[PDB]
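Working notes, structure below.
Computed from the coordinates by the stated procedures, all read-outs in this text should not be read as laboratory data. Counting neighbours? That spans all protein chains shown, and the Cβs are built from the backbone with ideal geometry, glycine included.
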């Protein structure tokens, strides 16, 4: 029961909790502790063939019960160990004897009463490990401790064959090729189903719509219930004229023939619930350090995953589907993009059967029927969203106690985060206690139903982000939770959050999947990449056009108005005549909707604005949710509603409104908002989030301007490269990039001299990759981007097809005269949302992944001999319009400039290496070009988030990858402050490590007031093996992604980017780019850069601690850089930052101060007075050495106890009167007796005894604290008049 000297403090990877700062009556720390012993040969247990995972894990737990020891030892206010609480060695533990009212009988000196019998489930809970301890805010001496199995600690060390990766390196006997596991072949017209294509309107109803268009008429989409049981009289949305290509079998998604070694969890959710010994459990136990019966347990409650799954929205029983239903399901299935809103093809973690259900087959609705009228009926489903082992144990961590209920918000998922899989916390577990912590109820709710109330007016940061949902919770937010803590009076949840997918929002045309391999993979789930890849050539004019309208123009000569290669240059006007003739004329009824002839088409920003779950000023208003990000692609900190969370009922009740439409007849007129059923309570959960933020309080191009300001941890140089004619250009921002152009000459060339730009001259920097007739005509480009289908002549405006006849027949062209001067991936246009490419959803992911330092780069030429990219004589920043600028314009990460990004990385030039790596992208003009995206060389992952440390009443922060990020201005934002302070890590070994996050050993707030993070550069976990014994071309790493090849036609010498850069079939290009594919593995990139091995050098062991930069009131002030008097906001911010490149400190960017500490770092134990690293360095309470109790023989009992115990103290406050204190406590001469008080805690008139606990005014912290040296026994003593017996 006493302190164990062989157990050292530690910290769990999932929550990084090491100690709980107990405050109040008995201040101290509940530090975790473990057996540091190595020699744990987990391979000693043999995993046989027929033995199942459950039996194997039971054997592993039995084995670890002997070789491992864990406990939660309590420390005094001075950091001195008191007792251990080794749950596996506590003999005859007993629950607390309770009264009828539920109060635990407690006498301060006799302690807690014991019933003598073990708490519930003790046999199956004794072996579990503690990972977290949380105090109650109200009930004294009451604690909860979170218990998990030892497997969840040893998960990574388990044998690979039972802990597999979603991607397989294979033996590579046939050379590496990233497209091998990708289905790529395109669908082809069905020659047996041609006649069921959507019918063009027989005659457009004029209905006084005088405007007349010779163009092709709209297609009819008629759906009506009819009366047939399982079929519809009309099912136009189901028209299915396409089919998969038949080559060596049908090319479609099917787990059986693809995922032979399918990824599957360790334990299904039902098995977690049933097997009590494998799930997390929290036991409420009472602790008293100075009492005889110091500790005793209360209730034991398993965190039942079924009590969580039962609160999933019903829409999540059928993830393959969505409120759109048949039409989008068909579109995705033919495009080889996996269907639904949360698909195991993209998120296999959350499904009991894992990848074995990873396809669109059996989607829960009838599909693929020989008769299209039959398709679209609800049927049996088999693959609902669940909570298997990995997601579950990502969801256990970061407890918080509120009122009579305790919440588990989950952790960052590193407990079970492998290289190619990303478990996260999907919702909030709650345990509610009744009748004063006597009985309890366990339940959980998903984050989706909690975050539905997000609306743009809340956040001060980026707008229109993909964080919205709707009456069907098809948006599945999950968090890698940094932690939950009270920042002052406001409860804060913080960490990283997965937006709705924004990469796959555009769709390819049905014949352009062989030349957009990166995008088709992103949609396929093979490429678990979240950033938006700029591949705009093959996008359909509209993602949401049913396949029944794809073949209306097969040849493409007419540029089918309803379906054509998306390109804004042929966008229709918005004139009243144009819309009246084209769109408004075809009035739609309850049983008829039209695919309008209006040539809808726009770039990435327009695509997202129309077809992403962007936030809106009202909740549940996101009609278009495509998918959910793979990894957390956005920082997120939200102020939660404490009272509402306490008050919500345990069990949720959805209804027909949340269900999907039963059949297409009801789906067609499916409203977005329906009155909730009277007896349902799902809506009540929507308003938990009081506020939220994702980054600095900046919007639009200001955000990208800041992104330029933040530096790259890999080498420290800014992404802008501003501090020095062919000089390097910034990557994100466009200011001083390219040439200024006047937006008043774009599109209609009307009413824009003062609407977009308050300045008198509305000149906008077109950025890199801009198109211009000539320097003399840089402002606006005329219609010379004519789109020819074949080589057959320009797009031919002024044609009868592309003209509209208003009232009277005064025909005119419907296409704009002049167009914006850029469609580059870095193209920004406040004046044309249809042409602009930079978007807030991209900007958030760019901030997160720039902080992480793993932004991919397009590469044409590796460092190999005869394949070298020369910085000099081959890169010309002054000629970004021409191929000499090397801007790919296809495959690049949207919103950034590939050459600038590479220069920052140093892939070419001596920026990162002493000698030029000669790695770069060349826009070849003499032949075809092939390219591939490769990682940054760093292996930080977005889930790398540490402790949530509260700095003060208004600011909080946490470690993020190699950065420490503090949300200075979230609780109480101040105008003009960016509201973020960033502190980079200085250790090169950690920055460039293969698995750096294994080195982070927790963060905490130091007494001096500056947060700090532990670092153990000797704790890095290398990759599982040295590639066995052969060269493994694909080597998995947390940042590794199967970036598919991209092949692009020769770049024009002149007017390179007038049109979209056309690609060609790149399926066979893999074998001709081995020297580039080899750069996919991060080790090879590091070797090229020189960071491959210990060659990084520097500190050899270098164990120490890093501290965030010192901050002041003026820190983070960019009010000068904000605001507008003579420029645009982005340009003035660029000027401001440029003027402060040598003073990044005052803007909140700097290198974290780091100090060396000898020996291993395993964790901290923090108590409100001081913080002990590894629990070393306890003191003797110097400030109260001369305060102690007078022993009994030195006290005259008659002098004191002649008066009664009642009037020796104040019963109304239980305080010993000041005049008598010196009579009992020894003090040095001249000591201020008023600074020390006695807190009576027990008395008995019948025995005239007095139990007293001492307190002392701490000069350091202005709070009364107990004196631990007051007696050999501690700060509590019993005074009686010689009647102790």
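Among the residues that make up region 716-727, is at least one of them in a loop (DSSP other than H, G, I, E, B), within 16 Å of residue 903 (Cβ to Cβ) and under 24 Å from the mean Cα position of the chain (by Cα)? The answer is yes; a qualifying residue exists.
Scanning region 833-889 for residues that are assigned to a helix (DSSP H, G or I), touching a helix residue (DSSP H, G or I) at 6+ places or on another chain (Cβ under 9 Å) and within 28 Å of residue 631 (Cα to Cα) yields 840, 841, 842, 843, 844, 846, 847, 850. Residues of region 467-512 that are at positive phi and in contact with a strand residue (DSSP E or B) (Cβ under 6 Å, 6 or more places away or on another chain): 483, 495.
May I ask you to verify whether residue 323 is in contact with a strand residue (DSSP E or B) (Cβ under 7 Å, 6 or more places away or on another chain), surrounded by fewer than 20 Cβ atoms within 10 Å (Cβ to Cβ) and under 30 Å from residue 409 (Cα atoms)? So residue 323 fails the test. Restricting 780, 738, 767 to those that are within 29 Å of residue 564 (Cβ to Cβ) and in contact with a helix residue (DSSP H, G or I) (Cβ under 9 Å, 6 or more places away or on another chain) reduces the list to 780.
From the list 465, 493, the one residue that fits, being in a strand (DSSP E or B), within 14 Å of the chain's Cα centre (by Cα) and over 30 Å from residue 296 (Cβ atoms), is 493.
The residue list 938, 948 contains one member that is farther than 28 Å from residue 1137 by Cα and buried (at least 23 other Cβ atoms within 10 Å of the Cβ), which is 948. Of the residues in region 270-279, not one is farther than 30 Å from residue 94 by Cα and part of a loop (DSSP other than H, G, I, E, B).
Within region 624-659, being part of a loop (DSSP other than H, G, I, E, B), in contact with a helix residue (DSSP H, G or I) (Cβ under 7 Å, 6 or more places away or on another chain) and within 30 Å of residue 956 (Cα to Cα) holds for 633, 641, 648.
Would you check which residues across region 26-38 are surrounded by 15 or more Cβ atoms within 10 Å (Cβ to Cβ) and part of a loop (DSSP other than H, G, I, E, B) and list them? Within region 26-38, 26, 27 meet the criteria. Is it fair to say residue 178 is buried (at least 18 other Cβ atoms within 10 Å of the Cβ) and within 30 Å of residue 1042 (Cα to Cα)? It is true that residue 178 is buried (at least 18 other Cβ atoms within 10 Å of the Cβ) and within 30 Å of residue 1042 (Cα to Cα). Scan region 110-145 for residues that are more than 22 Å from residue 1251 (Cβ to Cβ), in contact with a strand residue (DSSP E or B) (Cβ under 7 Å, 6 or more places away or on another chain) and not in a loop (DSSP other than H, G, I, E, B) and the total you get is 11. Only one of the numbered conditions (1) surrounded by fewer than 24 Cβ atoms within 10 Å (Cβ to Cβ); (2) over 20 Å from the mean Cα position of the chain (by Cα) is not met by residue 418, and that is (2). Evaluated against (1) buried (at least 19 other Cβ atoms within 10 Å of the Cβ); (2) touching a helix residue (DSSP H, G or I) at 6+ places or on another chain (Cβ under 9 Å), residue 747 falls short on exactly one condition, (2).
Go through the residues of region 583-603 one by one and say whether even a single one is crowded, with 24+ Cβ neighbours inside 10 Å and part of a helix (DSSP H, G or I). Within region 583-603, none of the residues are crowded, with 24+ Cβ neighbours inside 10 Å and part of a helix (DSSP H, G or I).
Take the residues of region 761-778 that are exposed (fewer than 14 other Cβ atoms within 10 Å of the Cβ) and assigned to a loop (DSSP other than H, G, I, E, B): which is farthest from the chain's Cα centre (by Cα)? Among those residues, the one meeting the criterion is 774.
When the criteria are applied in full, residue 1126 fails the requirement of being in contact with a strand residue (DSSP E or B) (Cβ under 8 Å, 6 or more places away or on another chain) and in a loop (DSSP other than H, G, I, E, B).
Of the residues making up region 1259-1277, those that are surrounded by fewer than 17 Cβ atoms within 10 Å (Cβ to Cβ) and closer than 20 Å to residue 1217 by Cα are 1263, 1264.
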